[PDB]
Amino acid sequence: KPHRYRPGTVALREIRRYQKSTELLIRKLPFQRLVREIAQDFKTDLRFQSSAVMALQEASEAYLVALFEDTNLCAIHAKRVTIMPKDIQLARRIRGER
Amino acid sequence: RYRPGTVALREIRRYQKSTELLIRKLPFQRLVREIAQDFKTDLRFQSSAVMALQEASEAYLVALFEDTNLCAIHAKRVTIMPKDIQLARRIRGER
Amino acid sequence: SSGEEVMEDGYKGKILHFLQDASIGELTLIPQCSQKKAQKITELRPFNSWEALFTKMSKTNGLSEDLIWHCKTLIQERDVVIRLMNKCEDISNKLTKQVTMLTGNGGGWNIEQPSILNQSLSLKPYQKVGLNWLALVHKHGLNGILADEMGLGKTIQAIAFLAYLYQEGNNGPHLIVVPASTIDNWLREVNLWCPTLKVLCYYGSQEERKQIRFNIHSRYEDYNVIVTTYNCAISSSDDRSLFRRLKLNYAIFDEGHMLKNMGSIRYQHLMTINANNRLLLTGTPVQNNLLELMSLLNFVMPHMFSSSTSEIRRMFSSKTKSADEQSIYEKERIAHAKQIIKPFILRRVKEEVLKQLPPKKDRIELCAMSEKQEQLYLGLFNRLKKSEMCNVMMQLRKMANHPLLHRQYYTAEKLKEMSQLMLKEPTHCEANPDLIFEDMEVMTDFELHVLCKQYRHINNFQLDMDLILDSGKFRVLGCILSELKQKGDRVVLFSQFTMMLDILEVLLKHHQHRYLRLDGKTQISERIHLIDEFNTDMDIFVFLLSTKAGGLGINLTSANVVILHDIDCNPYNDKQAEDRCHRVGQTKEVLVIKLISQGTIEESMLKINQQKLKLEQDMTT
Amino acid sequence: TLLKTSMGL
Amino acid sequence: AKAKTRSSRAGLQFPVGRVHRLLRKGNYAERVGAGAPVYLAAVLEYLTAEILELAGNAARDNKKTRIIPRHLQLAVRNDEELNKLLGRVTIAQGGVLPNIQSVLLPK
Amino acid sequence: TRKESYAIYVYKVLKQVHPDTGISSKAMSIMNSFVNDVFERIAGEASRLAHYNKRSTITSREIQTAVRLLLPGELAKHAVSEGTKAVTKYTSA
Amino acid sequence: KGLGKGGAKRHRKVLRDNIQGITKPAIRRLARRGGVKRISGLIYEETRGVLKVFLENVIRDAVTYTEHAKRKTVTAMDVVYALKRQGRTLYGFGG
Amino acid sequence: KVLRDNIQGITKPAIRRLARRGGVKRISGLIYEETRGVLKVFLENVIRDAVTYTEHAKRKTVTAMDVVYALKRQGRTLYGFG
DNA sequence: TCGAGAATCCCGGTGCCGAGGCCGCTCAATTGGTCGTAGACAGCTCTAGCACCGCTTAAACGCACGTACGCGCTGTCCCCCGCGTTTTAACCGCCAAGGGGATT
DNA sequence: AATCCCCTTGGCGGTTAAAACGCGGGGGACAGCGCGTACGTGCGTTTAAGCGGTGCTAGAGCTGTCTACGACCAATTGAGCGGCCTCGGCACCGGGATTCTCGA
Ligand SMILES: Nc1ncnc2c1ncn2[C@@H]1O[C@H](COP(=O)(O)OP(=O)(O)O)[C@@H](O)[C@H]1O
Ligand code: BEF
Ligand SMILES: [Mg+2]
């Protein structure tokens, strides 16, 4: 009998591991391509120094982690453990972001 | 007797239409003086100062109650409960 | 928009003439006073030329150019009144001519008693005079003030005037706004003289008022006169909408001296009433200030002073000046104010018309306060003269009245004992004595005595009957009431403090006199029943009346001795209270007795009252 | 002066 | 005479001349007083010293003799008043405090 | 080109606090950004405090009031205390 | 707790504990303004605490502004200024 | 040239990692597109102000200081880049 | 309450790269003068904030009663997770172009 | 405005780490039902808010002097900044022991 873990335990292990570490959680090249796409619309042939993209990545990761904490709170409020889109929309409405 | 809920819409519309204060002036002024007495004794207040204080407090409480209502509808309820208020404050950032 | 304001030549000349001939006080009236600046005008007296004038003003260090603008406003504002003066006197003149040619004919416009009125009742000649005055002043489309003295029949005059309108085909809804204690009487009179008028007493709780509103806007019944109070016309925005969206022709206001303040919310709320004409009934049009009369004049004739109110209030805001401190132009404005109000305000005096009314007397009784009250008074005076603490005057008159208005015989020790002992009571078994003592601190000795009488466990702590009757005013009052009871008199007794009336109840119970009592706590509905009970039952001896409520507009022809246990800082409250009994129909020489404490603030208030009374006596003649 | 003329009718 | 920095006179370590120059060139006002740079340098020194003490303790906790952004993040987000002061700040390479909700643990 | 930063001053403060504790480059840059942000916050509060009272001179009083406004709780107490001590020592000698 | 206001007939009260001057009918009026249809019985203590916290936060700043200007009376510009400092700029007396 | 479809470069496992660091234990399958939309909104908003600053300085390069200023103006001060 | 297996911590060894110390040289901070105006201070006016009273009336409160909604229990089904296998594309290392912000 | 060199853009290749695709299953979302209690409404009683009125006085608000303080300038100088080594603090690997999960 192969040893499988009960559903959820690996999720808690990942929670602990990713709350203990401090590195970036998104790859560099896809994020750089994304920022370049978004910058193409405002004006053509812009140039980015590397620390600009790194700062944008830091800001985006902090923003998304805070948003996911608020979403988790909104999900626990409705007596659930799963986060749903309605949780994110509720969080963004309460904060005033939308 | 009518159902509870027609009066709900009636008072909601009546209060949303009017920009008149929903708190009695003397109790709020006494509360403001009591709170301020703990910072500097022998203080005086302009009438318009406490008026602005009361207007700001009412607007803040109305916004907080709107957020509480949203958080209550999230939990599939129509009654608002203290957990809703603390959730609204903690997502906003006051706690 | 903001632009360069060019001085017109006429305004240049007016400013130059005023600055050349204004007095020091008149120069002070210019804004941006800096009284050294006004003084420099006298030094800078060449008045060489307008440009030379500007030269002198600028060259004198410590001045500003805006002064020339400021006086520019002043004269303009004064000019605003001047044209109004020209408009006003012609309004007088256009009136004062037509009042003359009626005397030429053998029979003129003598509007006789309307056939609508009760035939068994007849108007008195001066009431007919007033009726003719109101009719003619209406015929020119003006608003007046019927400032007849207390008791001449202003209500009857107004009702007959409305009846005359109804005869002339004017059946429009005409309002009447009355004091709370008077409304019943009004509903009584409008019938007994003019039953043809359909009367709606729009009064009561918000539910009854909303029922009345629903019935009237249903057009369920047609109404000619709506009678209301001062609060019920203003309390709710629904009422204000009702009175605005109705079409009213006459808005009659009883006791117009309630509109004395131009800033009181009732005042502008009452100008919101839609009405073609209004009428004011008052026995005391001028109380303590000319600006008060100016506010009344603004109310009665708004459109002609509506835009110019700011000018009037400021120029009449010189209340701090004395008789000689009044500038010459201020005295001129006072005289021409009397000449502005002379077409609007009518006044008749009872001693001049009603020869059949017996005259009035007075008895200022100096009351020597007893030894205990004298010691308490001196001690409290010593405590207060050293020094918040508005107690300088009010809680000095309190020891003037009665020692029991404060807490002296209940020391904090007794209060602690009572607070701990009242835990034995069922209603306060869970009570906290540490807060009961806090509550009992702020309670007076008489209130504590009432509390002791109320609860069984603390019945030990009653005051002896001698202590509660230890007062100079009580000592003189007992003798006076005994004397008047032997004389077969009836007494109307006034006081300005509710607790004083409560103690008076106890004193009268001790002397076993039968009495009634009316104050602001009594419900509006049975005040008229109380008044009738006093006017019919001749076994009731004393009628306790609080000055604010029991003083305004009620009829007390039954009694013939009015006692003021305490007089007012404003003497006109006292005058109304005294003339409650001294009115049409009285058959005894009405005596008025004032009680005065010896050697207290009471004597100073009496002196100031006499000074104000003499000021009125001078200004009215 | 109107009060004077009122009795003077 | 002998030149002594204003920082030495006021008993500070942060500069007072540099703070005064930054006050002048910031166009905050037309004139800058004589105790404003000193007071501001003192306040900056106090805040820096407190955060450095907390971060040094937090770095000692992980058996390290050096400070990295993680220890600053731990020091700021563990103290209540510093958390209130720096509530709206993103410390780079700081991470997140380990904190899991009650109900997400197994039951 | 010369660039100015508080690296040396924060290093001296650190060596006074923990004599055997170093600091990395990243924490150094974070401390520089922190000190610049606090400087800008307090200076802006004091500038607006001056503009409110129709003054045109930032002095110790505006700095003290800005510190009282911004720093919450005990931080304001200690900051005001030590700032007043520093000003008193600077003026006294 | 005291004399039990009912049946005592005092002329003047000690007037302590003024946070209760925010009566629950007023809180209901605010909530109904906020769109809330039904209210739990524990909302009242929570709302009193929230209002007290907000009032202390605004009043501390207003008193600081007043003390800086050497004054003894808290003007209305002070209250507007303390509110604007909270990211809740109030219009009606200035900006 | 042409840049396209890199909003999908923010992959599903990266979103799950970001969620784990935020404390989330179970994630619905619709969170991914929602989070990508939210991220694109944030990045567009910040880049707008960053390029505004860059044009105000009249440069063809966007630096880290422009991003720091843009974030600070939005009440999201970022320590560690200047 | 237990054996096996998988994840985690502890200890020891390694080497490398960045913290930290020393040094030359600006160039900004310091010191001494002078000058102009900003604000500290004294004084004065008068305003409005506060203390007290009474009257009136509407709102707050205490209680009764009933019914609408919140919470617990149940069942189901469907959707997410853990593990395995495959693809693919990020990442690193080295290299060239060129243009753009800074310096003259 | 001319020029420069340094940094960013772009390129090749490989490898190998991570992401994509698949699948069973279990455990949680979600709808339903039922009790029971707590909240809303109605009614009478009271209680205090609100408004007017009277009075007093602290303190805001303004003006005018003039003293000191802060700005601007000059010359001096030594504190900090950039540069360049240099060694140990820390990242990483590898083996042993420990601890946590899970299904008998
Ligand atoms: N025309 C009249 N004939 C007889 N008695 C009158 C007449 N007018 C008034 N009264 C008496 O005066 C009282 C009304 O006075 P009132 O008009 O209320 O005085 P005021 O004008 O001060 O309000 C009535 O009680 C009535 O007895
Ligand atoms: F105005 Be009546 F004479 F009481
Ligand atoms: Mg009358």
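Residues numbered from 1 in each chain as written, not as in the entry; some residues may be left out. Chains lettered and ligands numbered in written order. Heavy atoms only, no water. Residues with missing side-chain atoms left out of burial classes, pairs and counts.

As deposited, the entry is annotated with cryo-EM as its determination method and 3.1 Å as its resolution.

A short note on unusual backbone geometry
Quick reminder of the rule: For helices the rule is a DSSP run of H or I covering at least 4 residues; for strands it is a run of E covering at least 2, with both sets numbered from the N terminus onward.
Even without being a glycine, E255(C) presents a positive backbone phi close to 55°. Take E255(C): it is sitting in the loop between β5 (250-254) and α11 (265-271). One non-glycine residue, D17(G), adopts positive backbone phi at about 60°. If you trace the backbone, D17(G) turns up in the segment before α1 (24-33).

Some thoughts on the nonpolar core
Where we set the bar: We call a set of buried residues a nonpolar core when its members are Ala, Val, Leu, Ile, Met, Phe, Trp, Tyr or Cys and they connect through side-chain atoms within 4.5 Å of each other. Residue burial is assigned from relative accessible area. The probe radius is 1.4 Å, only protein chains are included, and a residue is buried under 20% of its type maximum, exposed over 50%, and partly exposed in between. Residues count as neighbours in contact if any of their non-hydrogen atoms are within 4.5 Å of one another.
By size, the foremost hydrophobic cluster in this structure holds 97 residues, and its most contacted members are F68(A) and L55(G). When residues in this core are grouped by element, the largest group, 13 residues, is from helix α3 (residues 50-77) of chain A. Ignoring anything within four residues of it in the chain, the contact list for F68(A) reads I83(A), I88(A), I15(H), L18(H), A19(H), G22(H), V24(H), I31(H) and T35(H). Core analysis: the next-biggest nonpolar cluster, separate from the first, contains 87 residues, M85(C), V178(C), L197(C) and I234(C) among them.

Some points on the site of ligand 1
Residues and elements named next belong to chain C. Threshold: By convention in these notes, a residue is near a molecule or strand provided one of its non-hydrogen atoms lies within 4 Å of it. Any pair of N or O atoms that falls within 3.5 Å is considered a polar contact. Within protein, one atom must be able to donate a hydrogen and the other to accept it, and sequence-neighbouring residues count only if both atoms are side-chain atoms. Note on areas: Shrake-Rupley, 1.4 Å probe, and residue coverage restricted to the protein chains presented here. Polar here means any residue outside two lists: the nonpolar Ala, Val, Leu, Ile, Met, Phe, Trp, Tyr, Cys and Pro, and the charged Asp, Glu, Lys and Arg; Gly therefore counts as polar.
Near ligand 1 you find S122, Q127, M150, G151, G153, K154, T155, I156, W193, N555, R583 and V584, and these make up its full shell. The separation between an oxygen atom of ligand 1 and a polar main-chain atom of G153 is 3.5 Å. At 2.7 Å from an oxygen atom of ligand 1 is found a main-chain nitrogen or oxygen belonging to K154. Expressed as a share of its isolated accessible area of 560 Å², the protein-covered part of ligand 1 is 80%. Taken together, the residues that form the shell around ligand 1 break down as four nonpolar, six polar and two charged.

Looking at the interface of chain F and chain G
The criterion, for reference: Here's the idea: put two parts together, see how much 1.4 Å probe accessible area each one loses, and the total over both is what we call buried area. When a carboxyl oxygen of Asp or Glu lies within 4 Å of a side-chain nitrogen of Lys or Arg, that pair is called a salt bridge.
Counting residues at the interface gives 10 residues for chain F and 10 residues for chain G. For the chain F face of the interface with chain G, the top three residues by lost area are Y52(F), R61(F) and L69(F), together amounting to 55%. The residue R85(G) makes a salt bridge to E45(F) at a minimum N-O spacing of 3.6 Å. The tally of links between chain F and chain G comes to four residue pairs in polar contact.

Topic: the protein's contact with DNA strand J
Taken together, 56 residues lie around DNA strand J, and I265(C), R18(E), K3(F), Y9(F) and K72(G) are the ones closest in. Near the protein, within 4 Å, the atoms of DNA strand J are sugar or phosphate in 96% of cases. In the environment of DNA strand J, a phosphate oxygen lies 3.3 Å from a nitrogen or oxygen atom belonging to the side chain of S40(G). Within the residue set of the surface near DNA strand J, elements represented by two or more residues are β1 (47-48) of chain A, α2 (25-36) of chain B, α11 of chain C, β1 (31-32) of chain E, α1 (7-17) of chain F, β1 (38-39) of chain G together with α1 (12-21) of chain H.

A closer look at the environment of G80(H)
Its location among the elements puts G80(H) in the segment after β3 (77-79). Considered as a pair, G80(H) and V62(H) are 18 residues apart in the sequence and their alpha carbons are 17 Å apart. The residues touching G80(H), leaving out its near neighbours within four places in the chain, are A92(E), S29(F), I30(F) and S33(F).

Some remarks on helix α4 (residues 85-95) of chain A
The set of residues buried in α4(A) consists of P85(A), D87(A), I88(A), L90(A), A91(A), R92(A) and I94(A). Those residues of α4(A) that are buried are in contact with α3 and β2 (82-83) of chain A, α3 (47-74) and α4 (82-92) of chain B together with α2 (31-56) of chain H. Looking at the residues trailing α4(A), positive phi occurs at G96(A), about 95°.

Observations regarding the interface of chain E and chain F
The partner chain F presents 52 residues to the 53 residues of chain E that form the contact. For the pair chain E and chain F, the two sides together bury roughly 4900 Å², of which 73% comes from carbon and sulfur. At the surface where chain E touches chain F, the tally comes to one salt bridge. Across the pair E4(F) and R21(E) runs a salt bridge whose closest N-O atoms are separated by 2.9 Å. Here chain E and chain F share 14 residue pairs in polar contact between them. Those elements giving two or more residues to the side of chain E that touches chain F turn out to be α1 (6-10), α2 (17-25), β1, α3 (36-61), α4 (69-78), α5 (80-85) and β2 (89-91) of chain E. The element that contributes the greatest number of residues to the side of chain E that touches chain F is α3(E), accounting for 17 residues.

Overview of the sheet that holds strand β1 (residues 145-146) of chain C
For sheets, the rule is that strands pair by backbone hydrogen bonds, running either parallel or antiparallel. Residues and elements named next belong to chain C. Using the following cut-off: Pairing between strands is defined by DSSP: at least two bridges between the two strands are required. Throughout, an axis means a line fitted to C-alpha atoms (over the contacting stretch in the case of helices), and angles, computed between N-to-C directions, take values from 0 to 180 degrees.
Spatially, the seven strands line up as an open sheet ordered β3-β4-β2-β5-β6-β1-β7, and their pairing is parallel. Two strands in the sheet have a free side with no partner beyond their single neighbour: β3 (199-201) and β7 (345-346). Relative to strand β6 (residues 277-281), β1 is paired through two bridges, and the arrangement is parallel. Looking at β6, one finds that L146 is bridged to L281. Here helix α7 (residues 154-167) sits on the sheet in contact with β1, β2 (174-178), β4 (225-229), β5 and β6, set at roughly 170° to β5. Where helix α12 (residues 290-300) meets the sheet, it contacts β1, β5, β6 and β7, and its direction lies at approximately 150° from that of β6.

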